[PDB]
>>> print(open('entry20.pdb').read())   # PDB, N, CA and C atoms
ATOM      1  N   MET O   1      -9.282  -0.223 -14.414  1.00  0.00           N
ATOM      2  CA  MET O   1      -7.863   0.163 -14.664  1.00  0.00           C
ATOM      3  C   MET O   1      -7.393   1.165 -13.604  1.00  0.00           C
ATOM      4  N   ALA O   2      -7.576   2.433 -13.852  1.00  0.00           N
ATOM      5  CA  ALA O   2      -7.139   3.457 -12.858  1.00  0.00           C
ATOM      6  C   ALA O   2      -7.654   3.092 -11.464  1.00  0.00           C
ATOM      7  N   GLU O   3      -8.802   2.476 -11.387  1.00  0.00           N
ATOM      8  CA  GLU O   3      -9.357   2.095 -10.057  1.00  0.00           C
ATOM      9  C   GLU O   3      -8.453   1.056  -9.385  1.00  0.00           C
ATOM     10  N   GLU O   4      -7.597   0.425 -10.141  1.00  0.00           N
ATOM     11  CA  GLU O   4      -6.689  -0.597  -9.547  1.00  0.00           C
ATOM     12  C   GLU O   4      -5.932   0.001  -8.359  1.00  0.00           C
ATOM     13  N   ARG O   5      -5.573   1.252  -8.441  1.00  0.00           N
ATOM     14  CA  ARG O   5      -4.834   1.892  -7.317  1.00  0.00           C
ATOM     15  C   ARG O   5      -5.605   1.710  -6.009  1.00  0.00           C
ATOM     16  N   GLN O   6      -6.884   1.944  -6.041  1.00  0.00           N
ATOM     17  CA  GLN O   6      -7.705   1.790  -4.808  1.00  0.00           C
ATOM     18  C   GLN O   6      -7.746   0.321  -4.385  1.00  0.00           C
ATOM     19  N   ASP O   7      -8.157  -0.544  -5.268  1.00  0.00           N
ATOM     20  CA  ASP O   7      -8.228  -1.989  -4.923  1.00  0.00           C
ATOM     21  C   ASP O   7      -6.824  -2.561  -4.711  1.00  0.00           C
ATOM     22  N   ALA O   8      -5.928  -2.317  -5.628  1.00  0.00           N
ATOM     23  CA  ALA O   8      -4.543  -2.852  -5.478  1.00  0.00           C
ATOM     24  C   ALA O   8      -3.985  -2.505  -4.095  1.00  0.00           C
ATOM     25  N   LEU O   9      -3.876  -1.243  -3.784  1.00  0.00           N
ATOM     26  CA  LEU O   9      -3.340  -0.858  -2.449  1.00  0.00           C
ATOM     27  C   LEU O   9      -4.148  -1.557  -1.357  1.00  0.00           C
ATOM     28  N   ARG O  10      -5.436  -1.677  -1.525  1.00  0.00           N
ATOM     29  CA  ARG O  10      -6.228  -2.370  -0.483  1.00  0.00           C
ATOM     30  C   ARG O  10      -5.673  -3.776  -0.301  1.00  0.00           C
ATOM     31  N   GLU O  11      -5.394  -4.468  -1.375  1.00  0.00           N
ATOM     32  CA  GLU O  11      -4.795  -5.814  -1.219  1.00  0.00           C
ATOM     33  C   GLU O  11      -3.634  -5.655  -0.248  1.00  0.00           C
ATOM     34  N   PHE O  12      -2.898  -4.593  -0.418  1.00  0.00           N
ATOM     35  CA  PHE O  12      -1.772  -4.300   0.497  1.00  0.00           C
ATOM     36  C   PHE O  12      -2.337  -4.011   1.874  1.00  0.00           C
ATOM     37  N   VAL O  13      -3.258  -3.096   1.941  1.00  0.00           N
ATOM     38  CA  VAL O  13      -3.884  -2.786   3.246  1.00  0.00           C
ATOM     39  C   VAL O  13      -4.272  -4.099   3.907  1.00  0.00           C
ATOM     40  N   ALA O  14      -4.443  -5.120   3.115  1.00  0.00           N
ATOM     41  CA  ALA O  14      -4.778  -6.446   3.674  1.00  0.00           C
ATOM     42  C   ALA O  14      -3.488  -7.088   4.169  1.00  0.00           C
ATOM     43  N   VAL O  15      -2.405  -6.776   3.511  1.00  0.00           N
ATOM     44  CA  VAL O  15      -1.091  -7.330   3.904  1.00  0.00           C
ATOM     45  C   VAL O  15      -0.500  -6.510   5.036  1.00  0.00           C
ATOM     46  N   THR O  16      -0.474  -5.228   4.846  1.00  0.00           N
ATOM     47  CA  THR O  16       0.096  -4.327   5.879  1.00  0.00           C
ATOM     48  C   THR O  16      -1.001  -3.909   6.854  1.00  0.00           C
ATOM     49  N   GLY O  17      -2.236  -4.070   6.469  1.00  0.00           N
ATOM     50  CA  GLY O  17      -3.341  -3.677   7.369  1.00  0.00           C
ATOM     51  C   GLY O  17      -3.418  -2.156   7.415  1.00  0.00           C
ATOM     52  N   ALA O  18      -2.820  -1.489   6.461  1.00  0.00           N
ATOM     53  CA  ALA O  18      -2.867   0.002   6.485  1.00  0.00           C
ATOM     54  C   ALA O  18      -4.271   0.502   6.152  1.00  0.00           C
ATOM     55  N   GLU O  19      -4.402   1.781   5.954  1.00  0.00           N
ATOM     56  CA  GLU O  19      -5.711   2.361   5.609  1.00  0.00           C
ATOM     57  C   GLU O  19      -5.754   2.626   4.110  1.00  0.00           C
ATOM     58  N   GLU O  20      -6.884   2.447   3.487  1.00  0.00           N
ATOM     59  CA  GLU O  20      -6.959   2.720   2.024  1.00  0.00           C
ATOM     60  C   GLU O  20      -5.998   3.855   1.686  1.00  0.00           C
ATOM     61  N   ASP O  21      -6.053   4.897   2.461  1.00  0.00           N
ATOM     62  CA  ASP O  21      -5.173   6.069   2.225  1.00  0.00           C
ATOM     63  C   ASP O  21      -3.757   5.852   2.771  1.00  0.00           C
ATOM     64  N   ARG O  22      -3.601   5.295   3.943  1.00  0.00           N
ATOM     65  CA  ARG O  22      -2.241   5.093   4.468  1.00  0.00           C
ATOM     66  C   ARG O  22      -1.428   4.288   3.475  1.00  0.00           C
ATOM     67  N   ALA O  23      -1.953   3.187   3.045  1.00  0.00           N
ATOM     68  CA  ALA O  23      -1.214   2.377   2.057  1.00  0.00           C
ATOM     69  C   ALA O  23      -0.996   3.225   0.816  1.00  0.00           C
ATOM     70  N   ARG O  24      -2.052   3.707   0.233  1.00  0.00           N
ATOM     71  CA  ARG O  24      -1.895   4.550  -0.979  1.00  0.00           C
ATOM     72  C   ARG O  24      -0.768   5.551  -0.764  1.00  0.00           C
ATOM     73  N   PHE O  25      -0.548   5.955   0.457  1.00  0.00           N
ATOM     74  CA  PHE O  25       0.548   6.919   0.718  1.00  0.00           C
ATOM     75  C   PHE O  25       1.875   6.257   0.390  1.00  0.00           C
ATOM     76  N   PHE O  26       2.210   5.237   1.116  1.00  0.00           N
ATOM     77  CA  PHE O  26       3.484   4.547   0.845  1.00  0.00           C
ATOM     78  C   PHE O  26       3.262   3.373  -0.113  1.00  0.00           C
ATOM     79  N   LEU O  27       2.026   3.021  -0.367  1.00  0.00           N
ATOM     80  CA  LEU O  27       1.759   1.938  -1.351  1.00  0.00           C
ATOM     81  C   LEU O  27       2.248   2.445  -2.697  1.00  0.00           C
ATOM     82  N   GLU O  28       1.780   3.603  -3.079  1.00  0.00           N
ATOM     83  CA  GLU O  28       2.203   4.203  -4.366  1.00  0.00           C
ATOM     84  C   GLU O  28       3.630   4.721  -4.280  1.00  0.00           C
ATOM     85  N   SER O  29       3.942   5.403  -3.227  1.00  0.00           N
ATOM     86  CA  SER O  29       5.319   5.936  -3.071  1.00  0.00           C
ATOM     87  C   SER O  29       6.320   4.858  -3.469  1.00  0.00           C
ATOM     88  N   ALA O  30       6.000   3.635  -3.170  1.00  0.00           N
ATOM     89  CA  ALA O  30       6.908   2.511  -3.511  1.00  0.00           C
ATOM     90  C   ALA O  30       6.459   1.821  -4.806  1.00  0.00           C
ATOM     91  N   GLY O  31       5.468   2.357  -5.463  1.00  0.00           N
ATOM     92  CA  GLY O  31       4.972   1.734  -6.717  1.00  0.00           C
ATOM     93  C   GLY O  31       3.830   0.778  -6.374  1.00  0.00           C
ATOM     94  N   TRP O  32       2.990   1.181  -5.461  1.00  0.00           N
ATOM     95  CA  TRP O  32       1.863   0.341  -5.019  1.00  0.00           C
ATOM     96  C   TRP O  32       2.277  -1.121  -5.021  1.00  0.00           C
ATOM     97  N   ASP O  33       3.527  -1.363  -4.764  1.00  0.00           N
ATOM     98  CA  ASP O  33       4.024  -2.765  -4.726  1.00  0.00           C
ATOM     99  C   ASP O  33       3.841  -3.332  -3.316  1.00  0.00           C
ATOM    100  N   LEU O  34       3.711  -4.624  -3.194  1.00  0.00           N
ATOM    101  CA  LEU O  34       3.513  -5.225  -1.844  1.00  0.00           C
ATOM    102  C   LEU O  34       4.856  -5.627  -1.223  1.00  0.00           C
ATOM    103  N   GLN O  35       5.764  -6.123  -2.017  1.00  0.00           N
ATOM    104  CA  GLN O  35       7.086  -6.544  -1.470  1.00  0.00           C
ATOM    105  C   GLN O  35       7.779  -5.379  -0.755  1.00  0.00           C
ATOM    106  N   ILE O  36       8.069  -4.320  -1.463  1.00  0.00           N
ATOM    107  CA  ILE O  36       8.754  -3.157  -0.828  1.00  0.00           C
ATOM    108  C   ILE O  36       7.851  -2.497   0.209  1.00  0.00           C
ATOM    109  N   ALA O  37       6.712  -2.044  -0.214  1.00  0.00           N
ATOM    110  CA  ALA O  37       5.772  -1.379   0.731  1.00  0.00           C
ATOM    111  C   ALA O  37       5.719  -2.175   2.031  1.00  0.00           C
ATOM    112  N   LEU O  38       5.741  -3.471   1.927  1.00  0.00           N
ATOM    113  CA  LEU O  38       5.703  -4.315   3.149  1.00  0.00           C
ATOM    114  C   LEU O  38       6.976  -4.100   3.966  1.00  0.00           C
ATOM    115  N   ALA O  39       8.117  -4.289   3.362  1.00  0.00           N
ATOM    116  CA  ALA O  39       9.390  -4.085   4.106  1.00  0.00           C
ATOM    117  C   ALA O  39       9.321  -2.771   4.885  1.00  0.00           C
ATOM    118  N   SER O  40       8.687  -1.775   4.325  1.00  0.00           N
ATOM    119  CA  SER O  40       8.578  -0.471   5.031  1.00  0.00           C
ATOM    120  C   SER O  40       7.790  -0.642   6.324  1.00  0.00           C
ATOM    121  N   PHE O  41       6.562  -1.056   6.225  1.00  0.00           N
ATOM    122  CA  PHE O  41       5.746  -1.262   7.424  1.00  0.00           C
ATOM    123  C   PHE O  41       6.563  -1.950   8.514  1.00  0.00           C
ATOM    124  N   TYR O  42       7.184  -3.044   8.180  1.00  0.00           N
ATOM    125  CA  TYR O  42       7.990  -3.783   9.180  1.00  0.00           C
ATOM    126  C   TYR O  42       9.232  -2.977   9.566  1.00  0.00           C
ATOM    127  N   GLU O  43       9.958  -2.493   8.596  1.00  0.00           N
ATOM    128  CA  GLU O  43      11.182  -1.705   8.899  1.00  0.00           C
ATOM    129  C   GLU O  43      10.830  -0.249   9.156  1.00  0.00           C
ATOM    130  N   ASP O  44       9.592  -0.013   9.380  1.00  0.00           N
ATOM    131  CA  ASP O  44       9.115   1.376   9.645  1.00  0.00           C
ATOM    132  C   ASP O  44       9.581   1.841  11.027  1.00  0.00           C
ATOM    133  N   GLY O  45       9.856   0.923  11.911  1.00  0.00           N
ATOM    134  CA  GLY O  45      10.316   1.314  13.274  1.00  0.00           C
ATOM    135  C   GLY O  45      10.338   0.081  14.181  1.00  0.00           C
ATOM    136  N   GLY O  46      11.290  -0.791  13.987  1.00  0.00           N
ATOM    137  CA  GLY O  46      11.364  -2.012  14.838  1.00  0.00           C
ATOM    138  C   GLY O  46       9.975  -2.644  14.949  1.00  0.00           C
TER     139      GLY O  46
END
>>> encode(input="entry20.pdb", output="structure tokens")
Amino acid sequence: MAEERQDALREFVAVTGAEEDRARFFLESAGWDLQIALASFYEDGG
């Protein structure tokens, strides 16, 4: 359960390729969601 944050964001780290922690940073900031968190990585700076 609570461990989902680590694995869940990693799924993202797989999508955004971020770092367990980098994603967790904006992974959670956006609700550890992949749709939004992703738009950030891409819209993070051209």
>>> resolve_selection(input="entry20.pdb", expression="the PyMOL selection byres ((chain O and resi 19-35) around 7)", output="VMD selection string")
chain O and resid 5 to 6 8 to 10 12 to 13 16 to 18 36 to 40
>>> atom_distance(input="entry20.pdb", atom1="atom N of residue O:15", atom2="atom C of residue O:43")
15.8 Å
>>> atom_distance(input="entry20.pdb", atom1="atom CA of residue O:14", atom2="atom C of residue O:1")
19.1 Å
>>> atom_distance(input="entry20.pdb", atom1="atom C of residue O:11", atom2="atom N of residue O:41")
12.9 Å
